[PDB]
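Each remark here refers to the structure printed beneath this line.
Keep in mind that the numbers below use all heavy atoms, side chains included, and drop hydrogens, waters and symmetry copies. Convention: sequence-line order gives letters A, B, ...; per-chain numbering from 1.
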Protein chains: 4
Amino acid sequence: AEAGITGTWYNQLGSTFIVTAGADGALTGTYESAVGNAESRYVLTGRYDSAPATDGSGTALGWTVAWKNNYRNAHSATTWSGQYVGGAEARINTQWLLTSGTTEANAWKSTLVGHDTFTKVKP
Amino acid sequence: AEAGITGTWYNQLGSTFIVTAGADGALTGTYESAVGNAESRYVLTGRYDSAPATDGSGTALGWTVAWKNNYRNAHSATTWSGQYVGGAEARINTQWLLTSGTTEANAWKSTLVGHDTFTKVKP
Amino acid sequence: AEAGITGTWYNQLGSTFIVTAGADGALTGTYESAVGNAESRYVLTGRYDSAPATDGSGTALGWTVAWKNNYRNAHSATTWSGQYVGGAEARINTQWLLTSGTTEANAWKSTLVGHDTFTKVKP
Amino acid sequence: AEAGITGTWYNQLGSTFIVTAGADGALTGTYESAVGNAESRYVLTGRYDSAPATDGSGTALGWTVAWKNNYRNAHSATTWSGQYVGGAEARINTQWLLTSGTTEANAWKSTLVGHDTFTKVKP
Ligand SMILES: O=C1N[C@H]2NC(=O)N[C@H]2N1
Ligand SMILES: O=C1N[C@H]2NC(=O)N[C@H]2N1
Ligand SMILES: O=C1N[C@H]2NC(=O)N[C@H]2N1
Ligand SMILES: O=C1N[C@H]2NC(=O)N[C@H]2N1
């Protein structure tokens, strides 16, 4: 976990995120999305639960990226929830929720759901 | 947004979270869950997209809580994605993803999805 | 269950659905949405698991509505997954997935997620 | 669509489902799950929106399976929402919601979310 999480990860869409897993569960870094109403790097922050594991389970973690930087303001935020699996072919398997700011009338259609798999190799 | 987000919020399950929205999109605080394999306060970190809004839309945001503290280690993490609506009756409407660390065989059933509504009044 | 499910239900958005729960787990009926790219009634079909319950649990069920009828073709379909709780104030609590047909390039943003609560009284 | 949907499909977990897409949007068939609290074949019913497409988009569809048959009663139901893409390598990409019947107290943790990709070849 932690040490193994720190580094650069790539997903199936071509996005990249670099993260540092701190000793006490913190995750800090940047995310660069290959799709969307995103351009450049965005700040990301999250947490992971280690003290994960005498039965080779994954380490649960999650992070958030608000899609605003000095080049774009997409008025939305995405949260990724999943687990890290280390080893030869380590990966982070996730499901994400992307919410856009809407008027109350369109709040029912404000959230998209999807999944992403990240590897240390691209892809 | 930001100023309006800062404070204590309560949801329909009886959980409470106190957060500080920093000038540049950061969200930091603690979460205390009324249900689950949670006991006491857990650290939370997230982001919000302001610079939100000439058409009274909500402010998109998200945060993560790893369910580990000095009393419990639930080997899981939850991410909440939604938007803040201010005013007389301000609220944060969210959808969440709770992922538990599993063995590869049970990874298909590792994530729960739900929704929570937070108000400044309980509830 | 079954008998209790049969009838007209209304949700918080003003939609209405009438369903018949058949003896062997089938659910058939129509749905009329108050929002969206929907107009009039659409056919719905689903299933419920009864033989549900010596510990007052809910009955799990789900149904699908393809948003095409003789007035509109929204090129999308919604599935609702949840459980029925009977009694004085019976309700069906659900989470739904709305998928739109997209080109491969936009498939990552093809699905919306939300939740709806249905009651026998409106609302 | 329709004709192309009819047939046997296999997903990454080893499950199999055979379906018939009827002329007017109906989907009927059986599902056999390789995981879970499932054993044998279960009935499935759903809908698809064709009249799908001068820009090679997918056909939106969804179906439900209640996990009860003459060998098992798992007190749960799963709904799959996604789209069919035909061609050389046709597939059905989905996201699913599995809800279990719970007591009111555990209703917050009643639904699991995941995703499955089905192909005509296994896998
Ligand atoms: O890498 C990405 N994953 C997807 N989810 C999201 O929010 N934007 C897309 N980019
Ligand atoms: O407040 C809570 N909301 C629910 N989601 C979650 O992760 N635990 C529960 N507690
Ligand atoms: O009643 C409705 N619920 C929401 N989900 C959906 O698919 N359309 C909306 N209408
Ligand atoms: O094929 C399967 N997909 C998964 N979702 C589900 O409900 N059970 C599992 N089996």
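Using modelled atom types, one side-chain atom of B:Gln83 and one backbone atom of A:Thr102 make a donor-acceptor pair closer than 3.5 Å.
At a threshold of 4.5 Å between non-hydrogen side-chain atoms, the residues B:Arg47 and A:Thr45 count as touching.
Heavy-atom pairs under 4.5 Å with chain B peak, among A:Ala74, A:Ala53, A:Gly46, at A:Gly46. Between chain B and the residues A:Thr99, A:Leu44, A:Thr103, the largest count of heavy-atom pairs under 4.5 Å involves A:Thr99. For the options A:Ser81, A:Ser100, A:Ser76, A:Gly82, heavy-atom pairs under 4.5 Å to chain B are most numerous at A:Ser81.
Heavy-atom distances place no part of A:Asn93 under 4.5 Å from chain B, backbone and side chain included.
Nearest heavy atom pair, residue A:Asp49 against residue B:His75, reads OD2-N, 3.1 Å. Contact record, B:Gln95 with A:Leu97: O-CD1, 3.5 Å, taken as the closest heavy-atom pair. When all heavy atoms of A:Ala60 and B:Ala77 are compared, the pair lying nearest together is CB-N, 3.7 Å.
For a heavy-atom cut-off of 4.5 Å, chain A lies close to B:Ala107, B:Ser110 in residues 106-122 of chain B. Residues of residues 61-70 of chain B that come within less than 4.5 angstrom of chain A, heavy atom to heavy atom, are B:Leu61, B:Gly62, B:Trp63, B:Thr64, B:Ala66, B:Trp67, B:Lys68 in numerical order. Listed by sequence position, the residues of residues 11-34 of chain B in contact with chain A number zero, using a 4.5 angstrom heavy-atom cutoff.
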Side-chain donor-acceptor distances from residues 36-43 of chain A under 3.5 Å, at least two apart:
residue, atom, partner, partner atom, Å
A:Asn37, OD1, A:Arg72, NE, 2.9
A:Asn37, OD1, A:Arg72, NH1, 2.7
A:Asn37, OD1, A:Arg72, NH2, 3.2
A:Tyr42, OH, A:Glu39, N, 2.6
A:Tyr42, OH, A:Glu39, O, 3.4

